[PDB]
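Here's a structure for you.
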Amino acid sequence: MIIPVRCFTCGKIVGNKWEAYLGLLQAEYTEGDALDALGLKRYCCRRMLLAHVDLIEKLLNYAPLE
Amino acid sequence: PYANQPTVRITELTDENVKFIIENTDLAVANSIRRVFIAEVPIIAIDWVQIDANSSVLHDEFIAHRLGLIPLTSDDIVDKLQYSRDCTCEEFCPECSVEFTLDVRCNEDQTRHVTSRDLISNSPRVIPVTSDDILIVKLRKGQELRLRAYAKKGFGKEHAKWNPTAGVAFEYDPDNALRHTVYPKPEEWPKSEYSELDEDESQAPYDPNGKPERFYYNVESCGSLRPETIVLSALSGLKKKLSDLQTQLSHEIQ
Amino acid sequence: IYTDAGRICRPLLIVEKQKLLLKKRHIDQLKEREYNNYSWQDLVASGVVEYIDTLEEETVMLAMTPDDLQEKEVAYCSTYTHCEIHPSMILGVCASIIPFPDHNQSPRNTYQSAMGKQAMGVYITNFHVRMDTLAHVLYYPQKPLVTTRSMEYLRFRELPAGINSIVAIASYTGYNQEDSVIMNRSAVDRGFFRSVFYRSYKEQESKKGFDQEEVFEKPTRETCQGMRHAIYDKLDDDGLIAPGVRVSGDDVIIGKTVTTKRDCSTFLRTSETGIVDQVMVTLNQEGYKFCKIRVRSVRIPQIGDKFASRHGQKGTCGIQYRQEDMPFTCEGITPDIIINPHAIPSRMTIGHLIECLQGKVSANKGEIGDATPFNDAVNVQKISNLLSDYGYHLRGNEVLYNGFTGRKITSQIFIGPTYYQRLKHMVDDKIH
Amino acid sequence: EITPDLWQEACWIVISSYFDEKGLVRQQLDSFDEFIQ
Amino acid sequence: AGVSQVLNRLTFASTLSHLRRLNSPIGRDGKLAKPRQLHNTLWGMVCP
Amino acid sequence: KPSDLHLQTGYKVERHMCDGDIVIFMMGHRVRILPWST
Amino acid sequence: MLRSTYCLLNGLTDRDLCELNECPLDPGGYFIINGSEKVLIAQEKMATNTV
Amino acid sequence: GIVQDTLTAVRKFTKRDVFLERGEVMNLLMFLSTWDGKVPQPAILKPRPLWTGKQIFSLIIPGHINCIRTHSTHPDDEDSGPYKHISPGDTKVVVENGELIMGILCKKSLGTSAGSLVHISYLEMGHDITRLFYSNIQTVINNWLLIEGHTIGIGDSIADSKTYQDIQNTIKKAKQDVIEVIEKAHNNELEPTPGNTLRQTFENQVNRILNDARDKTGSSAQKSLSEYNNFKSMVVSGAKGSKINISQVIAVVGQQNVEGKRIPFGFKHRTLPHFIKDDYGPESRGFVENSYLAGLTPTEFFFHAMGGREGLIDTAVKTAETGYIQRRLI
Amino acid sequence: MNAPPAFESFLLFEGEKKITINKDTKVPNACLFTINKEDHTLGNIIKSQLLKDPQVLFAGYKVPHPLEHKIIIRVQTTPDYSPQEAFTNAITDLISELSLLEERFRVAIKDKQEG
Amino acid sequence: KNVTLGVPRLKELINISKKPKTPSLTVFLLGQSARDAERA
Amino acid sequence: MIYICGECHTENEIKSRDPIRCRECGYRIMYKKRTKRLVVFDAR
Amino acid sequence: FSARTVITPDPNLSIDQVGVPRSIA
């Protein structure tokens, strides 16, 4: 649902690079440049942002129980 | 019959990275150092969560799990904390654990990012690495998250949330002078960054009298423990495992 | 001439003489499909696309591609009357997930089509309100890094079912014997392929006869007891358990008594130790009280759980080694899954190796690769010449080191990111 | 004019426009609409 | 029998693939033909 | 049962299968107890 | 049948599909009968009226 | 049980080049259960003490077995000429006195068969001894494979440009040969071979040309597999897959048949609406001329699905019939 | 269920001794040290340091099963040297090397920080 | 000639089906008929 | 016993022997107001 | 009469052993 902390393979914290990735993609940076700007060098870490589907943004459309 | 005398040359030292080189040591010692970087350096990480209110869209164990993976700056406290199984307090005490709380509620109409800046700690020195923030959850108007947590001490052999490295590069003999890897075609292969070969040569000429020496490391940090401290704590922890084994053995021989 | 109901048909481009009628202006008007009101029907109604059915399809002379088939050459046919839009529209919904399916043998496309229906994922966005019996929800699903173009329409970027593993095809310690895989225990601790499993239990307070009314009430040692069994203490006084309590094996969920009262309480389905998620109380059609209770159980991948690629062979997890035991790269990239080499040849799934190669290029390039079947603008040579630009071996091999002894492995291991699915099976469902 | 090398993107605009209108359960829905109407 | 099955809700692809499912009968007409094979005429209209 | 737990020869104690028991799945194997669930 | 012309979810936008707690990606095409979601599998048969 | 895992590996372990060092050898001897505590003398003392794969295997082999198999790739012109007890390719196996003297092992030598060193072990040495021999092969090979590693990747499936040109020319010859046969039939120069028909004559002639093309491509591919290739590793030890699988992966998928014949004319006089009526060429009736590495064109993909569903149905009917026959016998 | 708690790969239970020595009877001057709650980290360095003694004819280790957490180290020396002393000296020389490595790393750091 | 083999033949042997699907008959010629094709 | 209306989210005290029916909303689906018995997770 | 558990491989058992969880036992 939500960006994982910690790239699964290596353990590097990618969980504070999701809003930065989105902000750098809306400022017209190709995804390969947005990922180099966040300092994600190993492809194991770049697939964590490259291939993430933000579903918590769709689950926040249904009104809470209270 | 005896100890070799290794030598360290540090190539790069940032706040998130040590690039060094160990020379004149066995490959097995250098690999056990790598292995201890990953799996036996103590660190502080949240290990007991109790959620007093969770209206979020992520269930309680989702949130406890995310909270376990937030790196807490355990630079100088891990040597002072006790393992919870060594300490005498009933469940937790300020000697074996650090208490965090979170109490966030979305009242506005924009989504509220509950980040790791909302984890407030009772002890001012071990805190999340916020000194951007790690998104714990996103909230919606009317949703709440209120929890208590306790960070204990452990190492990445127990759970990966106590692993402080975020990637240990290790490499010996860059240009293959020892033929530990046999390339079917040696020229298709990208040159390592530590090669001393010219651009036409693709592989060093075989070294028959050679053994692996000069191991190149690159120890990154997840922010928790200051990478040169990772390395010093790995050396001390390996030496302490060996000396405790030596005590048990000296007691078993007699 | 048929105007029946039930004739299966399909749209085809019209080729008058030897030129498509789909001109560049139809495409220019469809690009602006919003704020233009130019849709499919304005393309049908323009007499440029037709619906051909299976017996009208025997009088037609189809082309596969305009770019090749209706170009003057040594003539094969020069009386083409229709054209395929894209030849990969011959595949269904579950076979439009397979990447590079023209590189697998068809038993593998069939096997995967059957196993894409078992992969966990997110199955629907409002699973938070749906009290189905048996829902399985992955924590961190990922869209594939090598993806078909026919997946943009199956909404597989939005409810994806799997995670991009780093897969090494290597014989490591023998725990990947035939189809088994070796998993990283540290990745699995970091959230890899974790899952949630929800189950709902319903019960209604039926007063069918005059006497012998069933009623929700805390039985235990209240009054007029019958055959009270093990444990009845987590129920609230209305006989229903409350959300957020931890229920274990043979533990009571609904406290129903069928009145000198017998008990017909509801217990958990033979053990699972979940947490009560949601307790909804309502009335059925008859106006009787009605209760659905959903319990939640987190499922971390284990030694028995079955995982499968998109190229049709599934395997349990043989063993899980921590990160320091895994074979690493000179960058510290330990594989997430290690699979057996002796699985690949016998199954014709070169699509698995091309998916790893294209996935490595996509993770390094910062793109998402095109595995559409009949491309001809995507070779293995074109993928290799791009992999050799990010400083990797052009064929995807990589010098791995032994995680146990630190020594290089004499043969270079083929490693790269492949989309893996967590099949619905697992083992928590058999030991209870 | 004709589409010569822009085909592989023309190909997929025409398919996107199909699935924007119809969807994937169009046969079920069109059949029930015919029944009930 | 076998019409009107419970909708499969394990994945989204499982669901979408349930709502686009056909069913060749194995009654008297399944006794006379080869209904289990892929016919040439399934091209473009049934998934092979 | 603090009273019943005394054993003298001839009793049949119904113990838990342990390492070395012989089971069959038709060939037979010797049990070895391993720490996970398969 | 859900999301057909006679369902209450027929033209609803994705916002008002979420104010009813329905998934905007749910395809519809099934019946809710006694709580269960039923799919009418399409039964194939021989064509009538032809020799 | 000796699965593909430790059969490819034992063919690589017993090759003539496997020189183990002292620490690797001691590592391996830790996993021999039937080891007498004595480290054999190295094959090579100077300049570096350096054991061999055949030494550690001869330590696995039980008792004093004697056996003479013949590895899978043995040239048959070798036993006659010189080098008969020398064997430049190391293809003749001689386990003499419980001790592998020469020759690479495989499943031909380690399966259960006539000969089959494990069989001679069961006959001569006993029955628990061969249990230990199985488990020892497995453990020491698994650990040497930790040192050596085995993989399969792209580039194992790719053939040099010479072999690509060879296979392309083989396929083009088969095309034009079927084309000239078709022109014969269309001009009546084809005379029916005695017995069946003129249609069956043409059909057999074409199926012959096309199966010869597929087999020539498969062989001309497998003859180009380098020694550093892991598909060769798979096949020559017979461990995994058939060489036809690798042929299709590397050379050509070949002709697809539905019920023994080429793809049937399922539309009116054509196999798919993409072909012209009355097309007997190889493309029309199901000849897949691409490997799985080059990928199948849209019609080859469909003909392959057609012809590979027959496999899926045959599988089910055979399992049913076989269970029936077995129960009736039993 | 049958999930071993994560801490029992490194935590001795009551009565485990952390090390036992068995004389190996097939050959003279061979011992077999079974070390509980250890893995290749501590096994591989001890092995590679034993293989440095000129009076050690065999040094090897094995993890019997990966799900059990213990190693076996088999040592065999020359007759004028016991495997208990070879083991002890291996551990002492490893400790000495890591002490040297620690102080060399402190100095290298303190020079890199341009102290 | 086209003979049934494999499992169908195996089960028409395990049964004694008096009507095998392909009841062939191999005939060997004895005299000069054996070498000379015209008398065969 | 406080239940929560599944439509207007107002909590209301529905004690037994009373039909499930939200006061001031008349909705007939009610959720049961998460417990106060404390449950502990290890953040693993 | 067990809970029909899965069978995974284990190359560290003797070919005459089975590895049984402590819950089946």
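Chains: A, B, C, D, E, F, G, H, I, J, K and L, in written order; residue numbering restarts at 1 for each.
Keep this in mind: a contact is a pair of C-beta atoms (placed from the backbone, for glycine too) under 8 Å apart; a residue touches a chain by one contact, two chains touch by 3 or more.
K.L.:
Which chain would you call central, comparing Cα centres to the global Cα centre?
P.N.:
Chain nearest the overall C-alpha centroid, as shown: C.
K.L.:
Where is the C-beta contact count highest, in terms of which two chains?
P.N.:
Greatest count of contact pairs is found between chains C-H.
K.L.:
In angstrom, rounded to a whole number, how far apart do the mean CA points of chain B and chain L lie?
P.N.:
35
K.L.:
Any idea how many Å lie between the Cα centroids of chain B and chain D?
P.N.:
Distance between chain centres: 52 Å.
K.L.:
Cα centroid separation between chain D and chain K, in whole Å?
P.N.:
Measuring from centre to centre gives 45 Å for this pair.
K.L.:
Where in chain E do residues touch at least two different other chains?
P.N.:
In chain E, 8-9, 12, 15-16, 19-20, 41, 43, 48 touch at least two other chains.
K.L.:
Could you tell me which residues belong to chain A and also touch two or more other chains?
P.N.:
1-2, 4-7, 10-11, 42, 59, 62-66
K.L.:
Enumerate the residues of chain F that touch no fewer than two other chains.
P.N.:
34-38
K.L.:
Quick one: in the complex, what on chain C touches chain K?
P.N.:
189, 216-217, 236-238, 240, 242-246, 275, 278-283, 287, 289
K.L.:
Which bits of chain F are touching chain C when the two form their complex?
P.N.:
Residues 36-38 of chain F touch chain C in their complex.
K.L.:
Quick one: in the complex, what on chain B touches chain K?
P.N.:
Residue positions touching the partner: 45-52, 60-61, 64-65, 67-69, 149, 159, 161.
K.L.:
Provide the residue numbers of chain K that touch chain B in the complex, in ascending order.
P.N.:
Where chain K meets chain B, its residues are 38-44.
K.L.:
Can you list the residues on chain F that touch chain I in the complex?
P.N.:
Within the complex, chain F touches chain I at residues 34-37.
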